[PDB]
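Trainee: One structure, pasted below without further comment.
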Amino acid sequence: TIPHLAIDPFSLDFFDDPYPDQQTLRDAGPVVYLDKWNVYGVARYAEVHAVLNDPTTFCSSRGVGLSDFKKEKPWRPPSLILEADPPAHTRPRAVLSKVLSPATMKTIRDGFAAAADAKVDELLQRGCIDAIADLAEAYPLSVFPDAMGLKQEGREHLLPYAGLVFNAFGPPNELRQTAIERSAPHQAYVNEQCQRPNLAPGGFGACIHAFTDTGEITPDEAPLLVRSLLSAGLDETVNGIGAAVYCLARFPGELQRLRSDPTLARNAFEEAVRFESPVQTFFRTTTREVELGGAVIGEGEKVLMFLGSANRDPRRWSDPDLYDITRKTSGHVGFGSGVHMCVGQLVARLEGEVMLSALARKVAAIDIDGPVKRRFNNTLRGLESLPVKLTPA
Ligand code: HEM
Ligand SMILES: CCSc1ccc(C(=O)O)cc1
Ligand SMILES: [Cl-]
Ligand SMILES: [Mg+2]
């Protein structure tokens, strides 16, 4: 009753161009079985949204990667928030929700916006740049570690650790195993910076520790929660900003609309998150035998969700493959949906918005002028290099 497919969603062939295969996964049925990895898969918007919003049936405490924590040991201690279900998930979630709250965004917006303006003016003096290394990567690295309260020493481990985290969600292919095997130096750096004395007072990490006073988390829980913000938020935001620049170069009419109304910057970034879906895939594990679509999934089975596919499903989106900066983007699952929906979404949107605002006000054209290279990762989509020429407005 359930179609079996041999598509490998963790192959380089898939990463290079997943969209034809995503249609095949969508059109094969509401639920598919991926024989290559012995997991179920859902690729349409309806089922992805349904799974995300049914946490008691499709749980996260057995891991949101391929590996099942009931069967295998986690490569690192499980995340206190991402790999927890209610009620264990709730109070750590509340802490990060307050640390990364709307109120918090007021304290960082001016600095984040000023840095984005300055970065774009710096790049305009160069003309031709790499929009990944010199922009999409450079800008978040220039604001987020400082906002986190990290010391200067050791920040060279941040990008390697982020890449490792998202590769480890995947199957035990080469990308995953090569990342985990010699990852101890990255883990030692991260674990050290999660300790209270190493975090600048007033930053995100120190604020997490400050919540131990309230009874929401214990002191021994706090380092693990800080770790979440050195795991998530970097590569996804980098990839999202890079995709936004790519779309503004490939859809030049949309850059001209953004220039004419820079207040579209926030939605222009949201549309890029839907278009790119920097977090392409992750898993749930069934706690019960379940009827999804017309399929009966057994208990203890891994269920792979295709967020990028859900955000390009023509059953839900008009012209899903077009980048449209005035599209009504509410309802996309690029940030997830339900109880786990990205707790850092306000930080990501802030970085994306102010960068696209700086582009909107300062740049007249963005032209690709060199070979474009893709960045390969088991669960992230994004570019490795994006040579562009920036024309000043
Ligand atoms: C464009 C940027 C981003 C994208 C596409 C993204 C994507 C996601 C997604 C899809 C989830 C849901 C995971 C699940 O349901 O299992 C999630 C959760 C999460 N995100 Fe993000 N994220 C982004 C930025 C950030 C930032 C900037 C931070 C931190 C500053 C962050 C921290 C987290 C954390 C801690 C969770 C776990 C939340 C929970 O389980 O309750 N993310 N993110
Ligand atoms: C799968 C969504 S991206 C993400 C990665 C790691 C964490 C964490 O370490 O808590 C949270 C979210
Ligand atoms: Cl670690
Ligand atoms: Mg300033």
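Letters for chains follow the order of the structure tokens (A, B, ...), residue numbers begin at 1 for each chain, and ligand numbers begin at 1 in the order shown.
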Could you list, as a VMD selection string, every residue within 8 Å of residue 242 (chain A), counting only C-alpha atoms and ignoring same-chain residues fewer than 2 positions away?

Mentor: chain A and resid 131 to 132 135 to 136 238 to 240 244 to 246 382 to 383 386

Trainee: Export N, CA, C and O atoms of the chosen residues as a PDB file, in the first residue's frame?

Mentor:
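Saved as result_31.pdb:
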```pdb
ATOM      1  N   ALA A 131      29.781  35.965  -2.250  1.00  0.00           N
ATOM      2  CA  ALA A 131      28.642  36.256  -1.392  1.00  0.00           C
ATOM      3  C   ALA A 131      28.481  35.252  -0.257  1.00  0.00           C
ATOM      4  O   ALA A 131      27.707  35.513   0.665  1.00  0.00           O
ATOM      5  N   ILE A 132      29.184  34.123  -0.287  1.00  0.00           N
ATOM      6  CA  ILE A 132      29.120  33.208   0.844  1.00  0.00           C
ATOM      7  C   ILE A 132      30.154  33.648   1.873  1.00  0.00           C
ATOM      8  O   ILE A 132      29.803  34.256   2.890  1.00  0.00           O
ATOM      9  N   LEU A 135      30.099  37.511   2.784  1.00  0.00           N
ATOM     10  CA  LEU A 135      28.839  38.162   3.127  1.00  0.00           C
ATOM     11  C   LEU A 135      27.950  37.245   3.956  1.00  0.00           C
ATOM     12  O   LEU A 135      27.694  37.521   5.134  1.00  0.00           O
ATOM     13  N   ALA A 136      27.465  36.161   3.340  1.00  0.00           N
ATOM     14  CA  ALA A 136      26.536  35.262   4.021  1.00  0.00           C
ATOM     15  C   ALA A 136      27.163  34.637   5.264  1.00  0.00           C
ATOM     16  O   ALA A 136      26.483  34.432   6.276  1.00  0.00           O
ATOM     17  N   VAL A 238      23.391  31.508   7.695  1.00  0.00           N
ATOM     18  CA  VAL A 238      24.328  31.692   6.584  1.00  0.00           C
ATOM     19  C   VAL A 238      23.700  31.227   5.278  1.00  0.00           C
ATOM     20  O   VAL A 238      23.658  31.965   4.285  1.00  0.00           O
ATOM     21  N   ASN A 239      23.211  29.985   5.255  1.00  0.00           N
ATOM     22  CA  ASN A 239      22.657  29.441   4.019  1.00  0.00           C
ATOM     23  C   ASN A 239      21.445  30.240   3.562  1.00  0.00           C
ATOM     24  O   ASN A 239      21.264  30.474   2.359  1.00  0.00           O
ATOM     25  N   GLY A 240      20.605  30.674   4.507  1.00  0.00           N
ATOM     26  CA  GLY A 240      19.445  31.468   4.142  1.00  0.00           C
ATOM     27  C   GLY A 240      19.823  32.798   3.520  1.00  0.00           C
ATOM     28  O   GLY A 240      19.254  33.204   2.503  1.00  0.00           O
ATOM     29  N   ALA A 244      19.173  34.050  -0.323  1.00  0.00           N
ATOM     30  CA  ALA A 244      18.515  35.320  -0.613  1.00  0.00           C
ATOM     31  C   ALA A 244      19.295  36.109  -1.655  1.00  0.00           C
ATOM     32  O   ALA A 244      18.720  36.614  -2.627  1.00  0.00           O
ATOM     33  N   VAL A 245      20.610  36.224  -1.466  1.00  0.00           N
ATOM     34  CA  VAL A 245      21.446  36.924  -2.437  1.00  0.00           C
ATOM     35  C   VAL A 245      21.381  36.228  -3.788  1.00  0.00           C
ATOM     36  O   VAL A 245      21.300  36.878  -4.836  1.00  0.00           O
ATOM     37  N   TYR A 246      21.409  34.895  -3.783  1.00  0.00           N
ATOM     38  CA  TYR A 246      21.307  34.155  -5.035  1.00  0.00           C
ATOM     39  C   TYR A 246      20.005  34.481  -5.755  1.00  0.00           C
ATOM     40  O   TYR A 246      19.998  34.752  -6.961  1.00  0.00           O
ATOM     41  N   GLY A 382      22.642  24.749   0.940  1.00  0.00           N
ATOM     42  CA  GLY A 382      23.252  26.064   0.843  1.00  0.00           C
ATOM     43  C   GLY A 382      24.423  26.019  -0.112  1.00  0.00           C
ATOM     44  O   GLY A 382      24.906  24.949  -0.496  1.00  0.00           O
ATOM     45  N   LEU A 383      24.880  27.207  -0.489  1.00  0.00           N
ATOM     46  CA  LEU A 383      25.982  27.324  -1.427  1.00  0.00           C
ATOM     47  C   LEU A 383      27.311  27.415  -0.692  1.00  0.00           C
ATOM     48  O   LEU A 383      27.394  27.918   0.434  1.00  0.00           O
ATOM     49  N   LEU A 386      29.717  31.861  -4.025  1.00  0.00           N
ATOM     50  CA  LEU A 386      28.771  32.610  -4.852  1.00  0.00           C
ATOM     51  C   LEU A 386      29.446  33.888  -5.333  1.00  0.00           C
ATOM     52  O   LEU A 386      29.226  34.976  -4.788  1.00  0.00           O
TER      53      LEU A 386
END
```

Trainee: Near residue 347 (chain A), counting only C-alpha atoms, which residues have an atom at most 12 Å away, once you skip same-chain residues fewer than 2 positions from it, shown as a PyMOL selection string?

Mentor: chain A and resi 96-97+99-109+112+140+143-144+147-148+204+229+232-234+236-237+266+335+342-345+349-354

Trainee: Which one is closest to ligand 1: A:1, A:377, A:337, A:38? Count only C-alpha atoms and all ligand atoms.

Mentor: A:337

Trainee: Compute the set of protein, DNA and RNA residues whose minimum atom distance to ligand 3 is at most 6 Å, using only C-alpha atoms and all ligand atoms, and state it as a short mmCIF file (atom, residue, chain, number, x, y, z; two decimals) with C-alpha atoms, in the first residue's frame.

Mentor:
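File written: result_8.cif
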```cif
data_model
loop_
_atom_site.label_atom_id
_atom_site.label_comp_id
_atom_site.auth_asym_id
_atom_site.auth_seq_id
_atom_site.Cartn_x
_atom_site.Cartn_y
_atom_site.Cartn_z
CA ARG A 76 26.85 13.68 21.96
CA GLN A 187 33.35 19.35 21.14
CA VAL A 190 32.05 24.12 22.62
CA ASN A 191 31.64 22.39 25.99
#
```

Trainee: Find the residues around residue 171 (chain A) up to 8 Å (only C-alpha atoms counted), leave out those fewer than 6 positions away in its own chain, and share them as a PyMOL selection string.

Mentor: chain A and resi 10+37+65-67+378

Trainee: Only C-alpha atoms, please: the residues just picked out, written as a PDB file, in the first residue's frame.

Mentor:
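Resulting contents of out_27.pdb:
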```
ATOM      1  CA  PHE A  10      21.526  11.859   1.482  1.00  0.00           C
ATOM      2  CA  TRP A  37      17.710   3.624   4.749  1.00  0.00           C
ATOM      3  CA  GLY A  65      18.419  12.274  13.075  1.00  0.00           C
ATOM      4  CA  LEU A  66      18.335   8.849  11.453  1.00  0.00           C
ATOM      5  CA  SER A  67      19.803   7.234  14.576  1.00  0.00           C
ATOM      6  CA  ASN A 378      23.392  15.674   5.133  1.00  0.00           C
TER       7      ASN A 378
END
```

Trainee: List the spatial neighbours of region 84-95 of chain A as a list in words - criterion: any atom at most 6 Å away, only C-alpha atoms, same-chain residues fewer than 2 positions off excluded.

Mentor: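 Close residues of region 84-95 of chain A: residues 60, 61, 80, 81, 82, 97, 98 and 216 of chain A.
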
Trainee: Report the residues of region 199-306 of chain A whose backbone DSSP state falls under strand (DSSP E), written as a ChimeraX atom specification.

Mentor: /A:281-286,290-292,295-297,302-306

Trainee: Could you go through region 53-174 of chain A and tell me which residues DSSP, when run on the backbone, assigns to helix (DSSP H, G or I), listing them as a ChimeraX atom specification?

Mentor: /A:90-99,102-126,132-148,155-168,174
